[PDB]
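Okay, structure first, notes after.
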Protein chains: 2
Amino acid sequence: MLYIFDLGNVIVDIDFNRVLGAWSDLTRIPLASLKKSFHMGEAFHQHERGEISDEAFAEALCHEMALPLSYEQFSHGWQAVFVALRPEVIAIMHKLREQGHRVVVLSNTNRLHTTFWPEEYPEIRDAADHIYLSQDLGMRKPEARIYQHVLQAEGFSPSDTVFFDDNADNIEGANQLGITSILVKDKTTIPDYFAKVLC
Amino acid sequence: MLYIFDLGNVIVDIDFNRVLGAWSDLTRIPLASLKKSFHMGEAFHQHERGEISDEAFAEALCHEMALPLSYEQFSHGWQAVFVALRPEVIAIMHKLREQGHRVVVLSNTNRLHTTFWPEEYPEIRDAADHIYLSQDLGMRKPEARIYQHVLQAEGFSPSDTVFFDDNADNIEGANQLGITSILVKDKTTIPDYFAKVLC
Ligand SMILES: [Ca+2]
Ligand SMILES: [Ca+2]
Ligand SMILES: [Cl-]
Ligand SMILES: [Cl-]
Ligand SMILES: [Cl-]
Ligand SMILES: [Cl-]
Ligand SMILES: [Cl-]
Ligand SMILES: [Cl-]
Ligand SMILES: [Cl-]
Ligand SMILES: [Cl-]
Ligand SMILES: [Mg+2]
Ligand SMILES: [Mg+2]
């Protein structure tokens, strides 16, 4: 089988409130203002797809949120994002591979050239046959073209593919192509799914 | 009672391997070299006590580890340190206070002026009556003077004080003054200690 895993809130817990905390720490802007002004629109989509530079992405968010930061300062806080591995999921991924299943990661990424990001973590790279990243592809979930890129490059049909993601639009985008798509509700979805099938 | 909690590996999980990962990411220096060259000696003690500047501390570690980083780049990776709250411990701290016990934090800190650090987290500040930090005091655990500073400033005797820390030297330093010192072996030590006594 081909197994596709989302990264954010599937393989790792991730929390961008830490970043807002760090920008609040530096700017003294009340956290609540940053929480209110921080939202993922067009500049995110473009950055995810590599259509605008890190600097332009920084500039757009700083304009939205009235952040008087240099690019370096932006990056410095961006670096602070909370990321914890889910070791249960990592172990399952390793197990699937040694049973000759194909295991890959599919992630919309706002990594910057100056930051250390989950897709760069040795434990996540060593757990996957391949990692597919939006910025490299010029595509993002839930666009059909990104799922198709993966089926095509891995050589599997929709019906031989299982996809895990916590975002319901992402799940819909995959379903449209006949991928078996598992909504990740929380940390039990994936251990359950694989309970009997592994151990 | 006066309850004193260590921060690192007591209230929060903390992992500086994330920092080494980030410096490896930037420098391309193999992680294993950084792991081998990274050790907490005199420059740490001094920085903890506020005796040398952030820059000097950076300069010393970069010299030790052959890190060709600016101060900004050092800080940028330092910012990456893994920190997760232990919500069990945070809740216990809140509970102790509302029962009229005094609850404080005692931490040797290598915060920089440019970073967002656990002692600055709203959830940790809001959980404690007071937070005692090495850099502010010019003292560090396990020196007797730092424990004495806390007893003196809070107005409690050793025998009315309970201290939690995972470092055995820190625990010894407290014991020497007749503080009740609880070695934190793992994440159960503290929930157990308070199981019956709270709920
Ligand atoms: Ca990087
Ligand atoms: Ca700060
Ligand atoms: Cl992701
Ligand atoms: Cl202020
Ligand atoms: Cl994603
Ligand atoms: Cl498309
Ligand atoms: Cl600490
Ligand atoms: Cl390289
Ligand atoms: Cl400490
Ligand atoms: Cl002393
Ligand atoms: Mg996700
Ligand atoms: Mg500790």
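Each chain in the structure tokens gets a letter, A, B and so on, in the order shown; residues start at 1 in every chain, and ligands are counted from 1 in the order they appear.
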(request) For residue 31 (chain A), list every protein, DNA or RNA residue within 7 Å, evaluated using only C-alpha atoms, and leave out those in the same chain fewer than 5 positions away; present the list as a count of residues only. (result) 3
Per-residue nearest contacts chain A to ligand 3, cut-off 8 Å, using only C-alpha atoms and all ligand atoms, as a Markdown table:
```
| residue | atom | partner | partner_atom_place_in_ligand_line | distance |
| --- | --- | --- | --- | --- |
| A:6 | CA | ligand 3 | 1 (Cl) | 5.6 |
| A:7 | CA | ligand 3 | 1 (Cl) | 4.1 |
| A:8 | CA | ligand 3 | 1 (Cl) | 3.8 |
| A:9 | CA | ligand 3 | 1 (Cl) | 7.5 |
| A:106 | CA | ligand 3 | 1 (Cl) | 7.1 |
| A:107 | CA | ligand 3 | 1 (Cl) | 4.0 |
| A:108 | CA | ligand 3 | 1 (Cl) | 5.0 |
| A:109 | CA | ligand 3 | 1 (Cl) | 5.9 |
```
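With a cut-off of 9 Å and using only C-alpha atoms and all ligand atoms, the polymer residues contacting ligand 2 are residues 22, 25 and 26 of chain A; 111, 112, 113, 114, 115, 116, 117, 119 and 120 of chain B.
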Please dump the current selection as a short mmCIF file (atom, residue, chain, number, x, y, z; two decimals), in the first residue's frame; keep N, CA and C atoms.
```
data_model
loop_
_atom_site.label_atom_id
_atom_site.label_comp_id
_atom_site.auth_asym_id
_atom_site.auth_seq_id
_atom_site.Cartn_x
_atom_site.Cartn_y
_atom_site.Cartn_z
N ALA A 22 6.50 34.85 21.07
CA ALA A 22 7.85 35.33 20.89
C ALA A 22 7.83 36.72 20.27
N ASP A 25 6.87 39.04 22.93
CA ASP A 25 8.01 39.22 23.81
C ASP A 25 8.91 40.34 23.28
N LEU A 26 9.21 40.29 22.00
CA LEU A 26 10.08 41.28 21.40
C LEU A 26 9.39 42.63 21.23
N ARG B 111 18.43 32.34 29.49
CA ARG B 111 17.68 33.26 28.65
C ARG B 111 18.70 34.26 28.13
N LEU B 112 18.50 34.74 26.88
CA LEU B 112 19.21 35.90 26.33
C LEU B 112 18.25 37.09 26.27
N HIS B 113 18.76 38.33 26.16
CA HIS B 113 17.89 39.49 26.01
C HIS B 113 17.06 39.43 24.73
N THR B 114 17.44 38.59 23.76
CA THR B 114 16.79 38.50 22.46
C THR B 114 15.86 37.29 22.34
N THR B 115 15.69 36.49 23.40
CA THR B 115 14.91 35.27 23.25
C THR B 115 13.68 35.28 24.15
N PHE B 116 12.71 34.44 23.76
CA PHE B 116 11.49 34.18 24.52
C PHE B 116 11.65 32.85 25.24
N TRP B 117 11.63 32.91 26.58
CA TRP B 117 12.05 31.80 27.40
C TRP B 117 10.91 31.36 28.30
N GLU B 119 10.39 31.15 31.44
CA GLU B 119 10.05 31.97 32.59
C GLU B 119 9.20 33.13 32.12
N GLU B 120 9.22 33.43 30.81
CA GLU B 120 8.40 34.50 30.27
C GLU B 120 7.03 33.97 29.83
#
```
(message) Please identify all protein, DNA and RNA residues within 9 Å of ligand 10, counting only C-alpha atoms and all ligand atoms, and report them as an MDAnalysis selection string.
(response) chainID B and resid 139:140 142:148
Selection file, N, CA and C atoms, as a tab-separated table (two decimals), in the first residue's frame:
```
chain	number	residue	atom	x	y	z
B	139	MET	N	23.25	34.61	41.45
B	139	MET	CA	23.43	33.35	42.17
B	139	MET	C	22.82	32.22	41.32
B	140	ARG	N	23.27	30.98	41.53
B	140	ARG	CA	22.67	29.85	40.84
B	140	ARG	C	22.56	28.67	41.79
B	142	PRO	N	23.54	24.96	42.63
B	142	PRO	CA	23.08	24.60	43.97
B	142	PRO	C	23.68	25.42	45.13
B	143	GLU	N	24.19	26.63	44.86
B	143	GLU	CA	24.81	27.48	45.87
B	143	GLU	C	23.85	27.78	47.02
B	144	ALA	N	24.34	27.71	48.27
B	144	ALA	CA	23.47	27.83	49.44
B	144	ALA	C	22.79	29.17	49.41
B	145	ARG	N	23.50	30.19	48.89
B	145	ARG	CA	23.00	31.55	48.95
B	145	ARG	C	21.70	31.71	48.17
B	146	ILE	N	21.47	30.90	47.11
B	146	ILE	CA	20.26	31.11	46.34
B	146	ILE	C	19.07	30.53	47.12
B	147	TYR	N	19.25	29.37	47.77
B	147	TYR	CA	18.16	28.82	48.57
B	147	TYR	C	17.87	29.79	49.71
B	148	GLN	N	18.92	30.28	50.34
B	148	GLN	CA	18.73	31.20	51.45
B	148	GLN	C	18.01	32.47	50.99
```
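With only C-alpha atoms and all ligand atoms as the atoms that count, the set of residues no farther than 9 Å from ligand 8 is residues 25, 27, 28, 29 and 30 of chain B.
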Keeping only C-alpha atoms, write those residues as a JSON list (two decimals), in the first residue's frame.
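Saved as again-v2.json:
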```
[["chain", "number", "residue", "atom", "x", "y", "z"],
["B", 25, "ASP", "CA", 20.83, 23.15, 9.98],
["B", 27, "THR", "CA", 26.16, 25.62, 9.70],
["B", 28, "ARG", "CA", 25.98, 22.16, 8.12],
["B", 29, "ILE", "CA", 28.18, 20.99, 10.99],
["B", 30, "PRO", "CA", 27.26, 17.31, 11.66]]
```
Do a neighbour search on residue 2 (chain B) at 9 Å with only C-alpha atoms, toss out local chain neighbours closer than 2 positions, and write the hits as a compact mmCIF listing (two decimals) with N, CA and C atoms, in the first residue's frame.
```txt
# COMPACT_ATOMS: atom_id res chain seq x y z
N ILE B 4 8.79 25.24 46.43
CA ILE B 4 9.75 25.69 45.43
C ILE B 4 9.85 24.65 44.31
N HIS B 101 -1.20 27.76 50.29
CA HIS B 101 0.24 27.56 50.22
C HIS B 101 0.91 28.58 49.29
N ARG B 102 2.18 28.88 49.58
CA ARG B 102 3.02 29.76 48.77
C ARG B 102 3.76 28.92 47.73
N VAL B 103 3.74 29.37 46.47
CA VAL B 103 4.30 28.59 45.37
C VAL B 103 5.23 29.45 44.51
N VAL B 104 6.49 29.02 44.41
CA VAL B 104 7.44 29.81 43.65
C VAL B 104 8.28 28.89 42.76
N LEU B 151 14.24 31.51 51.01
CA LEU B 151 13.70 31.42 52.37
C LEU B 151 13.57 32.82 52.96
N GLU B 154 10.80 35.02 51.14
CA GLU B 154 9.44 34.52 51.27
C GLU B 154 9.00 34.47 52.75
N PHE B 156 10.06 31.98 55.15
CA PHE B 156 9.74 30.64 55.61
C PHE B 156 11.01 29.99 56.14
N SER B 157 10.83 29.03 57.04
CA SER B 157 11.95 28.28 57.56
C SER B 157 12.23 27.09 56.64
N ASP B 160 9.59 24.38 56.87
CA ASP B 160 8.30 24.63 56.26
C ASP B 160 8.43 24.75 54.74
N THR B 161 9.52 24.23 54.17
CA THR B 161 9.75 24.42 52.76
C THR B 161 9.94 23.07 52.08
N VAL B 162 9.30 22.91 50.90
CA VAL B 162 9.47 21.73 50.07
C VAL B 162 9.96 22.15 48.69
N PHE B 163 10.98 21.45 48.20
CA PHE B 163 11.67 21.82 46.99
C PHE B 163 11.68 20.62 46.05
```
